[PDB]
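What follows is one chain in structure tokens, specifically the form solved without this ligand.
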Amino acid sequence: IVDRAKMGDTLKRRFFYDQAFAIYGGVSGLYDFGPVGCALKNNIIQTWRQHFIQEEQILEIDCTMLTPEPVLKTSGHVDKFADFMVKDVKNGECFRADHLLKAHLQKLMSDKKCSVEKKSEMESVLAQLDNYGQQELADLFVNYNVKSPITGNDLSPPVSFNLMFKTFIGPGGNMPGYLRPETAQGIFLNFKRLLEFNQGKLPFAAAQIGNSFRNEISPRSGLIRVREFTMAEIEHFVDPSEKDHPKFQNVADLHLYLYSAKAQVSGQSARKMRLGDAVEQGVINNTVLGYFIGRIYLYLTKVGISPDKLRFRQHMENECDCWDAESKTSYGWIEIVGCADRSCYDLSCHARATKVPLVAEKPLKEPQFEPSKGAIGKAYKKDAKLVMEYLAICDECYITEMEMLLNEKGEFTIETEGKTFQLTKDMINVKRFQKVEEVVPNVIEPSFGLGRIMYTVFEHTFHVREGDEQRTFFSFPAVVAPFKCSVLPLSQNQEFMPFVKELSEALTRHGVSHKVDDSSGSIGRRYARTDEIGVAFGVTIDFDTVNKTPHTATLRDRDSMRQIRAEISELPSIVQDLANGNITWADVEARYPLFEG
């Protein structure tokens, strides 16, 4: 349970975030973040940096969002990064065919006048929804007679709609491009520079914290389905012969909710497991994937996501290996962090397309295309050299993948530098062995969707007080609260301000983010306002603080609203240790006088 309406009202009112271009009617899937929201987001990102980039000594890079077409063609985004879309024929309103058909089905299955066998049929359709191609989906649309859910009219046949934002780089029409749909490709393109930076050694990891774009058909669902979004993505390159993480024992004792592919197939439920046990039993393939899963868990819980509403779902054979961190919200289980485990065929693709060897290189202890120069020479004269040097760099996965088509269809076609070439029995294969080893690195890909993580934290930390007027507050951990300490002085009189100034300065010296409250009203109402945005602690300075000696102020805990009274010069250290988790509120109450004034 979560009062989404009330929470959303608080989020819009205190301006954590709001619909972008609101005064222009707004734009779907686009959101502006306000001061408090920006503070929270910056805290999220900083905590993320110190977690991952700092603990793992990750190589951070910042690539461009603007990406020329060939780069995203080579990566398969031009051909495969799309959603099936259907159009109303009367007005033309676009719909994502997936969720539309799914809606129609989930509706019909839940109808009294419907047979058991058909309900079965439809369960069968849903549990295979992602395998369906264009024609299959068209047939499915016809056979279930799917109409528009607003107008009830007929729908155009499903057609592939690419989700990348299209544009043009330069003033001609010769460099068409896209806004990047992910930040991984920029890391892959810089793989050589990064490997060099790491003195040629494996393993290593690169990270990027920046925006990505996705021309979502019809965004609803708030922050969950957006068109422009900030991602925190790690690419961990490891030797496939070295799938063992030296630091796995640090997270091996963690107890996580795991939702295996087998459990999903067999209608089973997720189960709590020790991470080490899960790896030991082959639920999680290796300890690199396991390690990163564990630290993803630790990060998510650190920023305020509830453990009882957090699970890790493995991807089924139709969605290589991939575990997603999923949180339970009012929109149901949503993916917030992806974590792929796979051979980096990306490096191979870009290597072929650019003729630049993107490969690791390990020395050992001293343990193929066979073209016809003549036929290619006659076919493509001066361009034969290019076909040749293309072929001389292709890796075994590709020599295989094209050997198949060389057999079956008796062809297989490439494209290099300029354009394309149809190779047909101008080729052959070579064998034997010899010999430094070429290492095509496996990659673990943790992909953090900061917006969804933030919204999850919103839903998991939102609470209401007891009163007739339902005062709301956010149980933000101090590490991500917009700021940690509110300083509430009673007056502006120039004998108060020295205390306020000293308190602020000391708070800054102690690394406690704070803010002096110059707001209007009763103490409890001001504290209600600061609670409303999830500020963790409060220090109120009254007349007794100023005029009586020793000078003591009141420390108030956000969650409990309970207070103590302490020497104002000691409060920065207390708030520091509180926020850093060095001491509990109970530890503070046990050493300082209680205070309900």
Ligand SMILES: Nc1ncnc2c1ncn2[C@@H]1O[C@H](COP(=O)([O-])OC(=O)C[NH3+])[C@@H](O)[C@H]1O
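Residue indices: 1-based, along the sequence shown.
Keep in mind the form deposited with this ligand bound is missing from the figure; the text below concerns it.
S.K.: Going by heavy atom distances of 4.5 angstroms or less, which of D88, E216, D239, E459 would be at the interface with this ligand in the deposited bound form?
M.R.: The residue in contact is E216.
S.K.: Which residue, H514, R452, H245, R311, is the contact with this ligand in the deposited bound form, using a 4.5 Å heavy atom cutoff?
M.R.: It is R452.
S.K.: Determine whether any heavy atom of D321 comes within 4.5 Å of a heavy atom of this ligand in the deposited bound form, and answer yes or no.
M.R.: Close contact is absent here: in the deposited bound form, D321 is far from this ligand, nothing within 4.5 Å, heavy atoms only.
S.K.: Check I224 for me: does it contact this ligand in the deposited bound form (non-hydrogen atoms, 4.5 angstroms)?
M.R.: Output for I224 is yes: heavy atoms within 4.5 Å of this ligand.
S.K.: Would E233 count as a contact of this ligand in the deposited bound form, using a 4.5 angstroms cut-off between non-hydrogen atoms?
M.R.: Yes, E233 lies within 4.5 Å of this ligand in the deposited bound form.
S.K.: Give a yes or no for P477: in the deposited bound form, does one of its heavy atoms lie within 4.5 Å of a heavy atom belonging to this ligand?
M.R.: Flag for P477 set to no.
S.K.: Just to confirm the contact call: exactly one of 444 to 452, 261 to 269, 280 to 288, 483 to 491 touches this ligand in the deposited bound form at a 4.5 Å heavy atom cutoff, so which is it?
M.R.: Stretch with heavy atoms near the partner: 444 to 452.
S.K.: Are there residues in 281 to 307 with a heavy atom within 4.5 Å of this ligand in the deposited bound form, and which are they, in order?
M.R.: Heavy-atom contacts to this ligand in the deposited bound form: nothing from 281 to 307.
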